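Novice: Show me how the following folds:
(11 chains, ligands or ions: 70)
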Amino acid sequence: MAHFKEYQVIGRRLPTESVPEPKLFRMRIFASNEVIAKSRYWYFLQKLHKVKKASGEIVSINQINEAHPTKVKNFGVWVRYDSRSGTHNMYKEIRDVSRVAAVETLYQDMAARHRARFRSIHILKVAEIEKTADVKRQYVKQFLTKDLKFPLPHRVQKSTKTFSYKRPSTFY
Amino acid sequence: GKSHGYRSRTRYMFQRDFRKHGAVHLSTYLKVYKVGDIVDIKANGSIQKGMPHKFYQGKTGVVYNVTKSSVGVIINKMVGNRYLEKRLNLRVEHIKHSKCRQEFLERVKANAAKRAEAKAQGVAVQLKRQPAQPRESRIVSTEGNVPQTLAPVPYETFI
Amino acid sequence: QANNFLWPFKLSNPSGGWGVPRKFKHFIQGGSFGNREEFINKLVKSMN
Amino acid sequence: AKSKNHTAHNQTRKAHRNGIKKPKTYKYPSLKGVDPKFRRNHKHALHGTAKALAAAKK
Amino acid sequence: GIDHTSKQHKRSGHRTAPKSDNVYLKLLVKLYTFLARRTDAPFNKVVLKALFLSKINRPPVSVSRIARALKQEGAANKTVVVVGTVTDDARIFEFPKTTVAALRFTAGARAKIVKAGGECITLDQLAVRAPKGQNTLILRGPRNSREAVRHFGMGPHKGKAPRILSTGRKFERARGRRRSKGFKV
RNA sequence: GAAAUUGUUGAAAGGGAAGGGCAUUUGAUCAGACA
RNA sequence: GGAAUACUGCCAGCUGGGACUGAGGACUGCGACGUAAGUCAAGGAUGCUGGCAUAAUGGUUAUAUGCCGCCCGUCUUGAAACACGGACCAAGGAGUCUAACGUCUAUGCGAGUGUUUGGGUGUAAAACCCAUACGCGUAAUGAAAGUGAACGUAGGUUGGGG
RNA sequence: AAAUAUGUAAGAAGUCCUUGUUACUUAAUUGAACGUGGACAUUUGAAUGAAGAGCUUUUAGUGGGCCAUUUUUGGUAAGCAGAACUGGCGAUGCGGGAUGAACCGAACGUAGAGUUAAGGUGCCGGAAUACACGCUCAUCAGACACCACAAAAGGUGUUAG
RNA sequence: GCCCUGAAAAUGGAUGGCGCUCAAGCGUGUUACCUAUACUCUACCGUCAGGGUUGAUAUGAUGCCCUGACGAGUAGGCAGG
RNA sequence: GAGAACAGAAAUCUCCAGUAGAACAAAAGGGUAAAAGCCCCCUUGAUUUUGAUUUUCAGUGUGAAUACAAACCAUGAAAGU
RNA sequence: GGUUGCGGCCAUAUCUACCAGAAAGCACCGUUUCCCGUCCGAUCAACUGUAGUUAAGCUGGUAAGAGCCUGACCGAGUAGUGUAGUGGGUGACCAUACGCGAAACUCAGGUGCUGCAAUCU
Ligand SMILES: [Mg+2]
Ligand SMILES: [Mg+2]
Ligand SMILES: [Mg+2]
Ligand SMILES: [Mg+2]
Ligand SMILES: [Mg+2]
Ligand SMILES: [Mg+2]
Ligand SMILES: [Mg+2]
Ligand SMILES: [Mg+2]
Ligand SMILES: [Mg+2]
Ligand SMILES: [Mg+2]
Ligand SMILES: [Mg+2]
Ligand SMILES: [Mg+2]
Ligand SMILES: [Mg+2]
Ligand SMILES: [Mg+2]
Ligand SMILES: [Mg+2]
Ligand SMILES: [Mg+2]
Ligand SMILES: [Mg+2]
Ligand SMILES: [Mg+2]
Ligand SMILES: [Mg+2]
Ligand SMILES: [Mg+2]
Ligand SMILES: [Mg+2]
Ligand SMILES: [Mg+2]
Ligand SMILES: [Mg+2]
Ligand SMILES: [Mg+2]
Ligand SMILES: [Mg+2]
Ligand SMILES: [Mg+2]
Ligand SMILES: [Mg+2]
Ligand SMILES: [Mg+2]
Ligand SMILES: [Mg+2]
Ligand SMILES: [Mg+2]
Ligand SMILES: [Mg+2]
Ligand SMILES: [Mg+2]
Ligand SMILES: [Mg+2]
Ligand SMILES: [Mg+2]
Ligand SMILES: [Mg+2]
Ligand SMILES: [Mg+2]
Ligand SMILES: [Mg+2]
Ligand SMILES: [Mg+2]
Ligand SMILES: [Mg+2]
Ligand SMILES: [Mg+2]
Ligand SMILES: [Mg+2]
Ligand SMILES: [Mg+2]
Ligand SMILES: [Mg+2]
Ligand SMILES: [Mg+2]
Ligand SMILES: [Mg+2]
Ligand SMILES: [Mg+2]
Ligand SMILES: [Mg+2]
Ligand SMILES: [Mg+2]
Ligand SMILES: [Mg+2]
Ligand SMILES: [Mg+2]
Ligand SMILES: [Mg+2]
Ligand SMILES: [Mg+2]
Ligand SMILES: [Mg+2]
Ligand SMILES: [Mg+2]
Ligand SMILES: [Mg+2]
Ligand SMILES: [Mg+2]
Ligand SMILES: [Mg+2]
Ligand SMILES: [Mg+2]
Ligand SMILES: [Mg+2]
Ligand SMILES: [Mg+2]
Ligand SMILES: [Mg+2]
Ligand SMILES: [Mg+2]
Ligand SMILES: [Mg+2]
Ligand SMILES: [Mg+2]
Ligand SMILES: [Mg+2]
Ligand SMILES: [Mg+2]
Ligand SMILES: [Mg+2]
Ligand SMILES: [Mg+2]
Ligand SMILES: [Mg+2]
Ligand SMILES: [Mg+2]
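Specialist: Residues are numbered from 1 along each chain as shown, chains lettered A, B, ... in the order given. Ligands and ions are numbered 1, 2, ... in the order given. The structure is reproduced below:
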């Protein structure tokens, strides 16, 4: 759906005389803007509670920024999604530098591997994996080995003119 | 071939309401109609004399005549691109006083009052109705009510 | 009375464009129609 | 040689050009079809009160 | 495009000149549009339009319909105005004085009016005596007395008179006009 | 003494039709306006 | 603990490059700047300079080049149609006149109106004039014999331009 | 027992006080209907809109229709036959879908400048052989709505779960 | 999920064609860019509407002057030529 | 259902239960319980006059129907019908 | 408060099984000359209110009673549905966006209210 911000969203059903001060519920929501974010909120509250937007109210909406945006983190990611013929729960692991970055590559991944558009996905949880070795998926374990190094073979430089007088070299 | 008699297609319309068959209660006959009164029209299937045609079921018109066992109701019916005036002879069993008017009569009688209550005092009234307005600001407290965080829930089968 | 006084505003097409591939779905689905709340100001300025 | 049998297609377009004219409304509508016994009396009632006004202009 | 809410290029519907070619008519109109553009008197605006009207929309006014109007309370010294022709009426025996301004007076009409020592005035003479139509009573004649309108709205139960040439028993008086012959109207 | 249609002369174009629209190059041709 | 920055938004903040237009034709308005005199970008371009004065610009035409362009007429839901007519060109070639009519309009006269069967007259099919009738209208309604339009300021009520 | 659709009402032709007329009606000057006289003006009784509203005459063409989304009958089905509501085509060019009556965009006076729609931007062809993460290797790969088709089933190909 | 098998028709032949394989393919995201008789501003035509203007001593009063909006079209109607 | 000679699955007699599971010419739908069904009593309103109205509609006709007016009657203690 | 006569709403009033009911009322109840109706004085009619009785009618209370009535974020914002896309999918169908929104279910609470008139420890 885009480049994500993450939002705390807080709502409640409207007050009534016999029930002033209804309970107040919160969701974290990944969206490109607060309009999609409040929308998503109402979308999930209605899967959980007797409410809808006409009888509820948004109390607060705030963007949550990453605590340590230049610290590499190992994310565990938990998703529900629909396929062409059923619906399915999934656990993935994503290594990045923010929840927000991490969720972008998730949708990308879900679109690429499983052909799941944004409508078909529910993020259930995004959590930082504190101890390496609770890291489960090998496509990440791979990047945790000590003194890790790797070359980038077959370098291909972008030409800026249509003709060239050399004959390139993919050295690196 | 086709069939289109008078009471055609009216099986459920003129039907009688669950556990409400039999004699009509006497209040239906004690009610009183005057020319000008506004009435709703709905057929009592157990009262074959003086029945509205089904076109007029659900319809609301004005009394123009009062007769021994009936009232004459004028309904405006639209045919082609125009309305024509229609006059109905209905027995009192197929009619009731419409409340389509009380909110008005009740509002008038009230509107006079707060106008007196103003004038006599020194005006500042404002007595047209107004649509739902949007909500004003408000401050919701957290005390006793910290926000509960919910997330979406996994797929599951039960069956 | 004030608002009716104003002839409807005739605007141009947005100068830097609509920001979306397809206009006719809701703002919330990467379209242009509906309540986009305060994001209207960016659109209308681009159009005015 | 068969042909279409029936359709309302386009009929409400036609009715809306000149428009669906609302019923049109009069102060004093006709007493058409009103109880004759009533009307007979109403006729003398009115006659009576007219007299009593032209009188009051003696 | 515009989703038009009403017909484009629509003419107002009202005459704007008369259809007539008569110089003298056109002169009166020259006079009265001036008066109408510069006096804010409503009388002049009404008179301007009436000058444009076709013959049907200006039935004759009879001199007896004039005598009636002067019988209104406080109206006897008013100068009656008729934007049309004024006709005579032997049915009134006693006709009052006054001043009538009109487009045409038939021979017998100006006679009757003049014999009572009243006065026939043309519309321009009226303009000069009453630039704002002061003290003026405009009369129009019966438009829907015409024979044509007899036949407007013909149809069952409408009571409106056949377009017919010969009349008599045996012209359009049988099946459809009486209970014993098919039905009645 | 028109047109269809034809001969000659002159000019031009022509890789499975021709003719047409918007635009300009090139050739030919020409009105106007300067004072 | 104290800052910076990003992001979003605001300024009746300043300022550079480029393109198209220049309608109007005395003055008159709303303003701006000045202590003032005056000035101005304020109800639509002016200032300065050069070239040509002619096929230079422009029109027309033929051709070339880019892109685009299916035979018209017809009936049809749908025709470029593997539906019909049409090789070509001139010339001819189809809602008319009359009797009686409806609506609308113009004109004359108006409770009337209509001279033109006819007569008179003539510069002779014209123009000019006219007596008696007649036709339509001024009464309706009945199958008919028949009868035949004011209780009232020719009525009351509501709207009604003037 | 919905949703969509649907009747009526939201005032001066209104509301209140006084008490006249009749052959109707009441046991009854009781009522009913129509009135006289009196009291309250634009926050006078929701919103939005209103190149005004009403009304009259007369006359053309037409009376083969067809299509799309949705509802929907008959039929195995049909580019089949038949209804419902709207929107279109017919009667209509223009930009897109290469092509095409009906789809998408958008409805047309003669022109300049600008910006867009739907649809595009390797070359044809105006416009990034742009950026970014994956997936896919086909000895008949695949490539954009309407739309110019493919199914059960099966793979120790590869991917993620 | 993508790919592969399952997958047979008649003139030679069609993701529109060329051709394309870390795509010029499939899913998804982000910018920029191209261009409709549409939208914005302007001129000019015409149509409709609302204003102004008889005061002579010069020339169109059906005129002149200001202002606003609008313009598709078969059958068909009317209008000005 | 439970009961009574001949008498049996079915004859006729009784009590209990019974919202209609019956019946109301006829198709089917609606309606109906001190009834609209069943039994009895009195009857001719299935009559006279001429309008208005609803369905079908052109708001023509015809069929059928509704509610009044003006008669004359039927029935019932009566309201009424 | 009871009760009766006339009622309005017509089950919170109905149904099943028990029990309690003072005073008045109502009831059951005695009778067959008279009006009247029956196969039958059972019903219907009359007569007494005397001779008898709360057994029944009636009224009320009981019951993890059947029914009915009311409520709730009980189920369920579910099913269904109006509007949107050159959304997914061979298709059957299905997600999503802006709205409207049930029924069953589950649980809780209840079991006649009341008008006119007369009468009553
Ligand atoms: Mg049928
Ligand atoms: Mg009957
Ligand atoms: Mg910009
Ligand atoms: Mg820019
Ligand atoms: Mg740009
Ligand atoms: Mg696109
Ligand atoms: Mg702009
Ligand atoms: Mg046939
Ligand atoms: Mg067919
Ligand atoms: Mg047909
Ligand atoms: Mg007449
Ligand atoms: Mg010769
Ligand atoms: Mg050419
Ligand atoms: Mg050229
Ligand atoms: Mg200029
Ligand atoms: Mg100029
Ligand atoms: Mg020259
Ligand atoms: Mg030169
Ligand atoms: Mg040449
Ligand atoms: Mg081409
Ligand atoms: Mg043909
Ligand atoms: Mg055909
Ligand atoms: Mg053709
Ligand atoms: Mg063909
Ligand atoms: Mg043929
Ligand atoms: Mg041929
Ligand atoms: Mg010719
Ligand atoms: Mg002579
Ligand atoms: Mg001669
Ligand atoms: Mg003679
Ligand atoms: Mg006669
Ligand atoms: Mg006689
Ligand atoms: Mg009156
Ligand atoms: Mg509505
Ligand atoms: Mg409506
Ligand atoms: Mg307005
Ligand atoms: Mg207006
Ligand atoms: Mg017509
Ligand atoms: Mg016609
Ligand atoms: Mg016809
Ligand atoms: Mg035909
Ligand atoms: Mg469509
Ligand atoms: Mg056609
Ligand atoms: Mg079109
Ligand atoms: Mg090519
Ligand atoms: Mg290019
Ligand atoms: Mg699809
Ligand atoms: Mg295609
Ligand atoms: Mg696999
Ligand atoms: Mg291919
Ligand atoms: Mg391509
Ligand atoms: Mg892509
Ligand atoms: Mg770029
Ligand atoms: Mg243009
Ligand atoms: Mg413009
Ligand atoms: Mg046109
Ligand atoms: Mg039946
Ligand atoms: Mg009974
Ligand atoms: Mg009979
Ligand atoms: Mg007929
Ligand atoms: Mg009939
Ligand atoms: Mg006792
Ligand atoms: Mg006896
Ligand atoms: Mg006994
Ligand atoms: Mg008894
Ligand atoms: Mg007891
Ligand atoms: Mg009892
Ligand atoms: Mg219970
Ligand atoms: Mg839906
Ligand atoms: Mg779809």
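Novice: Quick one: residues contacting the closest residue to residue B:16 other than its chain neighbours.
Specialist: Leaving out its chain neighbours, the residue that sits closest to residue B:16 by C-beta to C-beta, 6 or more residues apart in numbering or on different chains is residue B:45, at 5.5 Å. All C-beta spots, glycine's among them, are computed from the backbone N, C-alpha and C. By C-beta atoms under 8 Å, 6 or more residues apart in numbering or on different chains, residue B:45 lies in contact with B:14-16.
Novice: measure residue E:50 to residue D:37 for me?
Specialist: For residue E:50, the distance to residue D:37 (C-beta to C-beta, to the nearest Å) stands at 50 Å.
Novice: Ignore what I typed, I meant residue B:56.
Specialist: 26 Å.
Novice: Show me which of these two is the more surrounded one.
Specialist: residue B:56 (20 against 8; other C-beta atoms under 10 Å in any protein chain shown).
Novice: Would you check that the more buried one makes contact with residue B:42?
Specialist: No: the pair residue B:56 and residue B:42 fails to qualify as a contact (C-beta atoms under 8 Å) at a distance of 9.0 Å.
Novice: Which SSE is immediately downstream of the longest helix seen in chain B?
Specialist: Using DSSP state H, we find that the single longest helix of chain B is helix B:102-119. Heading C-terminal from helix B:102-119, the first helix or strand you meet, by DSSP states H and E, is strand B:148-149.
Novice: residues in chain A within reach of RNA strand K, list them.
Specialist: Contact residues (C-beta under 7 Å from any atom of the strand) of chain A with RNA strand K: A:13, A:19, A:22, A:39-40, A:42-43, A:46-55, A:82, A:84-85, A:115, A:117, A:119-120.
Novice: ok, the residue of chain C found nearest chain A to ligand 7 distance?
Specialist: The minimum distance from chain C to chain A, using C-beta to the nearest C-beta, falls at residue C:28 (5.0 Å). As judged by C-beta to the ion, to the nearest Å, residue C:28 and ligand 7 stand 26 Å apart.
Novice: Residue E:179 versus that residue, what's the distance?
Specialist: 73 Å.
Novice: In terms of neighbours, single out the busier of the two.
Specialist: residue C:28 (20 against 7).
Novice: which ones are touching that one?
Specialist: A:35-36, A:39, C:34.
Novice: Could you do residue A:78 as well?
Specialist: Counting by C-beta under 8 Å, 6+ apart, residue A:78 has contacts A:89-92, A:123-126, B:154.
Novice: can I assume it sits in a strand?
Specialist: Yes: counting by DSSP: H, G, I helix; E, B strand; the rest coil, residue A:78 is found in a strand.
Novice: Which residues of chain C lie near chain A?
Specialist: C:27-28, C:30, C:35-37, C:39 (C-beta under 8 Å from any C-beta of the partner chain).
Novice: Stretch D:2-10 and RNA strand J in contact?
Specialist: No: using C-beta under 7 Å from any atom of the strand, stretch D:2-10 stays clear of RNA strand J, with a minimum separation of 11.0 Å.
Novice: That stretch near RNA strand I anywhere?
Specialist: No: Stretch D:2-10 does not reach RNA strand I (C-beta under 7 Å from any atom of the strand); its nearest approach is 13.5 Å.
Novice: okay, how far is it across that stretch, tip to tip?
Specialist: 22 Å (C-alpha to C-alpha, to the nearest Å).
Novice: does it come close to RNA strand H?
Specialist: Yes: against RNA strand H, stretch D:2-10 shows contacts by C-beta under 7 Å from any atom of the strand at D:2-10.
Novice: and the helix or strand where residue B:83 lies, is it in reach of RNA strand H?
Specialist: Using DSSP H and E, residue B:83 sits within strand B:82-91. No: judged by C-beta under 7 Å from any atom of the strand, strand B:82-91 makes no contact with RNA strand H; its nearest approach is 7.6 Å.
Novice: tell me the contacts of the spatially most central residue of chain B?
Specialist: With distances taken as C-alpha atoms, centre = their mean, the residue of chain B nearest its centroid is residue B:100 (5.6 Å). Contacts for residue B:100 (C-beta under 8 Å, 6+ apart) come out as B:38, B:40, B:60.
Novice: from these, which ones fall inside helices?
Specialist: Per DSSP H, those never map to helices.
Novice: Just the buried ones from these, in PyMOL syntax?
Specialist: Remark: buried members of the contacts of residue B:100, expressed as a PyMOL selection using 16 or more other C-beta atoms under 10 Å in any protein chain shown:
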select buried, chain B and resi 40
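Novice: all strands of the chain, in order?
Specialist: If you meant another chain, say so; for now it's chain A. Assignment of strands within chain A using DSSP state E yields the ranges A:5-13, A:25-31, A:56-63, A:73-83, A:86-96, A:121-128.
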